[PDB]
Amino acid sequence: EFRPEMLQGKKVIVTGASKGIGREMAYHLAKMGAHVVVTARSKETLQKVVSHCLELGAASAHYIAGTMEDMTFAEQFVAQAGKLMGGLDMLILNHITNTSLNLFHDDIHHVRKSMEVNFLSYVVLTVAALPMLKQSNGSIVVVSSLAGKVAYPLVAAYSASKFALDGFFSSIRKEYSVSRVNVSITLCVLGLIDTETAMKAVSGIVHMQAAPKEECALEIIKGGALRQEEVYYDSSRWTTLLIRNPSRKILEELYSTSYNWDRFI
């Protein structure tokens, strides 16, 4: 179904691309011959990722360094990236604030910082990217987790922010259908993935088994390119089968049928 030629010459933004899954996606897009604008806080690591993207064969690879804590950076970054590539075809929202496995006690500051970085910044980015994506019949790719579909201990603030992405983007997708906005939204529900961040977070939990970041990153690109609503990627075949909720799809399809919202458009 998917072809690598589908990404050739496309204008793609990847957030949290200095390392992990974001970096792997940037490299994948580069091998496919895409124009890429990557971001993270570290200018040096980004410069190393951009250098490799050009070697891989990216049509054009650029970086803009800043913190997604700053909503003015987030808004401006989209404009600057859009000018560099002369448009936008895909927006890959992937960055997250630093998190570790820990019991929740009193950390409102972490809960809010998770909400601002992992969620609000995504909305600010989308808002700023939507005119370019509308004129290119584009794609938003939102990187979530199993922890953003199912409840796990030790990642309460993280789970709260990934659950919010589902609520927001799945709702805005329903709206795009009514308001006939031909911009696709892909929510990526990932299991544990073997990035240095995750592997350092999980050190010692021997029974916990990570999936390849390389294939994971490809599966995210394939999903958005094919305009799929949801992408699932875990190492367990048990999880992949059980993660899907058809009961939700039924309730959503019934409301889509039962109501006409044309007197809002």
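Just count from 1 along the sequence shown to find any residue number.
Residue stretch of maximal mean CA temperature factor, 95-103 vs 165-173: Looking at the recorded C-alpha B-factors, 95-103 comes out higher on average.
Would you mind comparing 247-255 and 5-13 for me and telling me which has the higher average C-alpha temperature factor in the entry? That would be 5-13.
Which listed residue, 231, 58, 68, 211, has the largest C-alpha temperature factor in the record? Of the options given, 58 has the highest CA B-factor in the PDB entry.
Would you please rank residue 145 by its C-alpha temperature factor against the other modelled residues of its chain and give the third it falls in: lowest, middle or highest? As the PDB entry reports it, the C-alpha B-factor of residue 145 lands in the lowest third of its chain.
Quick check on the deposited entry: does the C-alpha B-factor of residue 190 sit in the lowest, middle or highest third of its chain? CA B-factor rank for residue 190: lowest third.
Sorting by Cα B-factor within the chain, modelled residues only, which third would residue 29 end up in: lowest, middle or highest? It belongs to the middle third of the chain when residues are ordered by C-alpha B-factor.
Assigned third (lowest, middle, highest) for the C-alpha B factor of residue 84: Its C-alpha B-factor, which the entry lists for residue 84, ranks in the highest third among residues of this chain.
Ordered by C-alpha B-factor within the chain, which third holds residue 90? Give me lowest, middle or highest, please. Residue 90: CA B-factor falls in the middle third of its chain.
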